[PDB]
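J.: Below are the structure tokens for one structure; questions will follow.
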Amino acid sequence: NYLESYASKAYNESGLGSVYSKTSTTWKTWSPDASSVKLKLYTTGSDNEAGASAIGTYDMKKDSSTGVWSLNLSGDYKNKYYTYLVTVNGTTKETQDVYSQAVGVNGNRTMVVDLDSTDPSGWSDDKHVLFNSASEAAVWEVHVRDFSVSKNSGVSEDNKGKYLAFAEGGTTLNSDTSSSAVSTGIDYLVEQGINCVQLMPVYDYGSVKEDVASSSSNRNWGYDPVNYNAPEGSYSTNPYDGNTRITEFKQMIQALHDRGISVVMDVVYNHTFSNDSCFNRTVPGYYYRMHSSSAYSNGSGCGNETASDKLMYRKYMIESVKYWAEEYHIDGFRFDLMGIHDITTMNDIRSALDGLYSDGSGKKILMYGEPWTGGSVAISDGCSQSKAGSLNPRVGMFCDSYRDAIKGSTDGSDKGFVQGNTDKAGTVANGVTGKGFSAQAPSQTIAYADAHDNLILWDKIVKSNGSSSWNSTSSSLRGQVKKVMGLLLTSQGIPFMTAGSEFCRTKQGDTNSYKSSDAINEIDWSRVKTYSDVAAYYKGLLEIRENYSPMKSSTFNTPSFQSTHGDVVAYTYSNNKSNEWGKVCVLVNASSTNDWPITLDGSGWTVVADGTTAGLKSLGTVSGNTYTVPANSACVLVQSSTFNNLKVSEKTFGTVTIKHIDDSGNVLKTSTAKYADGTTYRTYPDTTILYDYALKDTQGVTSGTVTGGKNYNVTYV
Numbered sequence: 043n044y045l046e047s048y049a050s051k052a053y054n055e056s057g058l059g060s061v062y063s064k065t066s067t068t069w070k071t072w073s074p075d076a077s078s079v080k081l082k083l084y085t086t087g088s089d090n091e092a093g094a095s096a097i098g099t100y101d102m103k104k105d106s107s108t109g110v111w112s113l114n115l116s117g118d119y120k121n122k123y124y125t126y127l128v129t130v131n132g133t134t135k136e137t138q139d140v141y142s143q144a145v146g147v148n149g150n151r152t153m154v155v156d157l158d159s160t161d162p163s164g165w166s167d168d169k170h171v172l173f174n175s176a177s178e179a180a181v182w183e184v185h186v187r188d189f190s191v192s193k194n195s196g197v198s199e200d201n202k203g204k205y206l207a208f209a210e211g212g213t214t215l216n217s218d219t220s221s222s223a224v225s226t227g228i229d230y231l232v233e234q235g236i237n238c239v240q241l242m243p244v245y246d247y248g249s250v251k252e253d254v255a256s257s258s259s260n261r262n263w264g265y266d267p268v269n270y271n272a273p274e275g276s277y278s279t280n281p282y283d284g285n286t287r288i289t290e291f292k293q294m295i296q297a298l299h300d301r302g303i304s305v306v307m308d309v310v311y312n313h314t315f316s317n318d319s320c321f322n323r324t325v326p327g328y329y330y331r332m333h334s335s336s337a338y339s340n341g342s343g344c345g346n347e348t349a350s351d352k353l354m355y356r357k358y359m360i361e362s363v364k365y366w367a368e369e370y371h372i373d374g375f376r377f378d379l380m381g382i383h384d385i386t387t388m389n390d391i392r393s394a395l396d397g398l399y400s401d402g403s404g405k406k407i408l409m410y411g412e413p414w415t416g417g418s419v420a421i422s423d424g425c426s427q428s429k430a431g432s433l434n435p436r437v438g439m440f441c442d443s444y445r446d447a448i449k450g451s452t453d454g455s456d457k458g459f460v461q462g463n464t465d466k467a468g469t470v471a472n473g474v475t476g477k478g479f480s481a482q483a484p485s486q487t488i489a490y491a492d493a494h495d496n497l498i499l500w501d502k503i504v505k506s507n508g509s510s511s512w513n514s515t516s517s518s519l520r521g522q523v524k525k526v527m528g529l530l531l532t533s534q535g536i537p538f539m540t541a542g543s544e545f546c547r548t549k550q551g552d553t554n555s556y557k558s559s560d561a562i563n564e565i566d567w568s569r570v571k572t573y574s575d576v577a578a579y580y581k582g583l584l585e586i587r588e589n590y591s592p593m594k595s596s597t598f599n600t601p602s603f604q605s606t607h608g609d610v611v612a613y614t615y616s617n618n619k620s621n622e623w624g625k626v627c628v629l630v631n632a633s634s635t636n637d638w639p640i641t642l643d644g645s646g647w648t649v650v651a652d653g654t655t656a657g658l659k660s661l662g663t664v665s666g667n668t669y670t671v672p673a674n675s676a677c678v679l680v681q682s683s684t685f686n687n688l689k690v691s692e693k694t695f696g697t698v699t700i701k702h703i704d705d706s707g708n709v710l711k712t713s714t715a716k717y718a719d720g721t722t723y724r725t726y727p728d729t730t731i732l733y734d735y736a737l738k739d740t741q742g743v744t745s746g747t748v749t750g751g752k753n754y755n756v757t758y759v
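Each residue of the sequence shown is one higher than the one before, counting from 43 in the authors' numbering.
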């Protein structure tokens, strides 16, 4: 409890970090133990770029009762870089900035972002894509590079691997201007209507060298936080340049917002990459728990725990998670290993969001994380599943007890339910209730089967079924992944999904793939054709879910169950709305082989999934009190007497028809973005861009709400 004096006071300070105005800027930073905090300025994100000079140094002034150090200067410091030197116990360490809204390369430095100036065209009229209920999400966890970088990805060679791969207008499998009906990249998200992305950690992490291209030898998942408040540079086209990463992120955000897709961010406050992070550099021995002034505790990983208990961290979280929601319009935050944090900090972040926007919309922003610790947690108050009743109802927890029962161990061959381990069935059936541990609202339980960590769902499915990496087309194993989606997307509480699980993304059996080669960590999009039907089946379930409030209500509903043990789990949702199907029944057969006849919730049903295909269009009626779940099939039934209530229109996609022309007509490229009926046909020059002369006025309509089956033309490039 190092310094709660000077942190009860100083808790309400404001303008920590730096604040921008055209005339002048103010810096404030807190270090009661320091003898001096000195501001130092730079002109670049690193010494790589041209000039990169420092600009000058300025001693901040301590405020005794708060200990906060502050400085204000006149002049425009827009896009100037800077750092603090912190002097504590006679040592001096350079601290980047504790509050770093915009960063150089890898984070080494910060620059004063003229925040609103970064905004892309048509940003000021952007909107959040909040979900009224938390559960209406369907989080598709993608690590951006994986989605983009495959050679066959259709994404342009300069958008390949980068934020604008969510922004490249229109793209087909192997790029061919063709009836190559496999649209890929951002187009696929529109076809699937994936509804909500989760970006694997897009804040600045140290475990990728941003100085060089990301590659099979320059990859990481990015669980090595270095700056919480600035997005990753490596996914920029231009990491050396702040704003760029910011704008592209805003354009990636805006492209997902345009398409009505919510963006959720994995944020990893429980630990940092380095015991010599800015935190320890700025208040050594405050921010990190320490069983001794000699020795950090290690209750998480990598040798540290953030001092969540201790006020001047509680603030930093509270007014960081707000920052991402303030600016980037991020729609939710997923916390790694919440169990390290004190609940009396999660409760404040939750409560701080609830007041960001005057209309209370901030209440809608999703928040959840992993409740388990990563080791011997150093303090007694922890975000555990057991303590869960002390979190605010709208902070959520992954539910491993559920996960493991579905699939088994994260890692071993040991078969779970999906592969036929009957003896998990009882635990999975309870997990579908959402109360796999004591929880207060569906906003809590992140019903999930799979993640980046350990075996991607397919690899375990094949590995657990008994063979390695096979890329197998087996209608058994390929039928077997559809079990999980049948469960998760029909559970209560936020469904979750590693990106491309829906086309059997494989990592060839790799467990801790955290830095494994691109050939291990890429979406080979030819799997989308090969494991078509699977994705078509997957899309069809989101049609089911998004149109079905009980699967997505804000407070708990609760399935009935008709089998919970052996090899068939079967449960039914209930509803009272008149413009929705009414009762839904979901059955998942753990067998790989057998076709058990199941009793079901009511006397008449329409089949809307069969383990091959799914979604609103009737795949078959069925009648009488029983249904058969053939082999791997995950099947969905809705009460047949009210199947018609879902009078949604078809997702009548519209189109852009970019026809880039430099001069003399002809064609330089022809994408055809497949935008949904709403959204906007925003469109971009990204062809002749490395170095070129082939350039055009970009005559055309260039932007606006799309309109259904209509062709919007821009003559870019």
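Every residue gets a Cβ at the ideal spot worked out from N, C-alpha and C, and that includes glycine.
#1: Pull up the DSSP beta-bridge partners for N753, would you.
#2: Could you check how far apart the C-beta atoms of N237 and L584 are, in whole angstroms? I think they sit under 8 angstroms.
#3: Can you have a look at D501 and say buried or exposed, based on whether 16 or more other CB atoms are within 10 angstroms of its CB?
#4: Let me confirm a value: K169 is counted as buried when at least 16 other C-beta atoms fall within 10 Å, else exposed. Which label applies?
#5: For the putative contact between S88 and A94, defined by C-beta atoms under 8 angstroms, what is the C-beta separation to the nearest angstrom?
#6: If you follow the alpha helix (DSSP H) that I640 is in, where does it begin and where does it stop?
#7: Indicate whether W69 and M354 have their beta-carbon atoms separated by less than 8 angstroms.
#8: Comparing alpha-carbon positions, which option in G746, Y754 and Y282 lies nearest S163?
#9: Write down every uninterrupted run of the alpha helix (DSSP H) in the region 340-384 whose length is 4 residues or greater and which is fully enclosed by it, in chain order.
#10: Taking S518 as the reference, which of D739, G149 and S675 has the closest Cα?
#11: With a 10 Å radius around its C-beta and 16 neighbouring C-beta atoms as the bar for buried, classify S220 as buried or exposed.
#12: CB-CB under 6 angstroms to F603, same chain, minus the five flanking residues each way: which ones, in chain order?
#13: Hey, would you say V743 sits closer than 8 angstroms to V759, going by beta carbons?
#14: What number of angstroms, rounded off, separates the C-alpha of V140 from the C-alpha of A272?
#15: So, does the region 323-339 touch the region 359-373, judging by three or more C-beta pairs under 8 angstroms?
#16: Output the boundary residues of the beta strand (DSSP E) element that contains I97.
#17: Assuming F189 contacts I565 under a Cβ cut-off of 8 angstroms, what Cβ separation, rounded to an integer in Å, is found between them?
#18: Which whole-angstrom value is the C-beta distance of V570 and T226, which I expect to be below 8 angstroms?
#19: Would a C-beta distance cut-off of 8 angstroms place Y580 and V232 closer than the cut-off?
#20: Quick one, which of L241, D283, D266 and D229 has its alpha-carbon nearest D253's?
#21: Per DSSP, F603 is paired with what?
#22: Within the same chain, show all residues whose beta-carbon is closer than 8 angstroms to that of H299, passing over the 5 residues directly before and after it, in chain order.
#23: Have a look at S574 and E274 and give me their C-alpha separation to the nearest angstrom.
#24: Which residue comes first and which comes last in the alpha helix (DSSP H) that contains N269?
#25: Figure out for me which residue from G542, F377, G521 and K701 has the closest Cα to the Cα of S192.
#26: If you run the structure through DSSP and keep just helix, strand and coil, what is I295?
#27: Which residues does DSSP pair with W567 in a beta bridge?
#28: Going by C-alpha to C-alpha distance, which of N507, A297 and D229 sits closest to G462?
#29: Residue range of the alpha helix (DSSP H) that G468 falls in?
#30: Check whether the region 76-88 and the region 110-127 touch, using three or more Cβ-Cβ pairs below 8 angstroms as the test.
#31: Suppose you measure from the CA of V474 to the CA of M359; what does that come to, to the nearest Å?
#32: Going by the CB atoms, is the gap between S112 and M102 shorter than 8 angstroms?
#33: Using the three-state DSSP reduction, which class does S77 fall into: helix, strand or coil?
#34: Could you have a look at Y48 and say whether DSSP puts it in helix, strand or coil?
#35: For the region 609-629 against the region 440-456, do three or more pairs of beta-carbon atoms, one drawn from each stretch, fall closer than 8 angstroms, so that the two count as touching?
#36: Run through the DSSP bridge pairs and tell me what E136 is partnered with.
T.: Reading it off the structure:
#1: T697
#2: 6 angstroms
#3: buried
#4: exposed
#5: 7 angstroms
#6: Per DSSP, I640 belongs to no alpha helix (DSSP H); it is in the beta strand (DSSP E), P639 to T641.
#7: no
#8: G746
#9: 353-368
#10: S675
#11: exposed
#12: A471 and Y613
#13: no
#14: 11 angstroms
#15: no
#16: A96 to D101
#17: 6 angstroms
#18: 7 angstroms
#19: no
#20: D283
#21: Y613
#22: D168, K169, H170, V171, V305 and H371
#23: 32 angstroms
#24: That residue, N269, is in no alpha helix (DSSP H); its beta strand (DSSP E) goes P267 to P273.
#25: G542
#26: helix
#27: In the DSSP output, where bridge partners are listed per residue, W567 has none listed.
#28: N507
#29: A467 to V474
#30: yes
#31: 32 angstroms
#32: yes
#33: strand
#34: coil
#35: no
#36: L127
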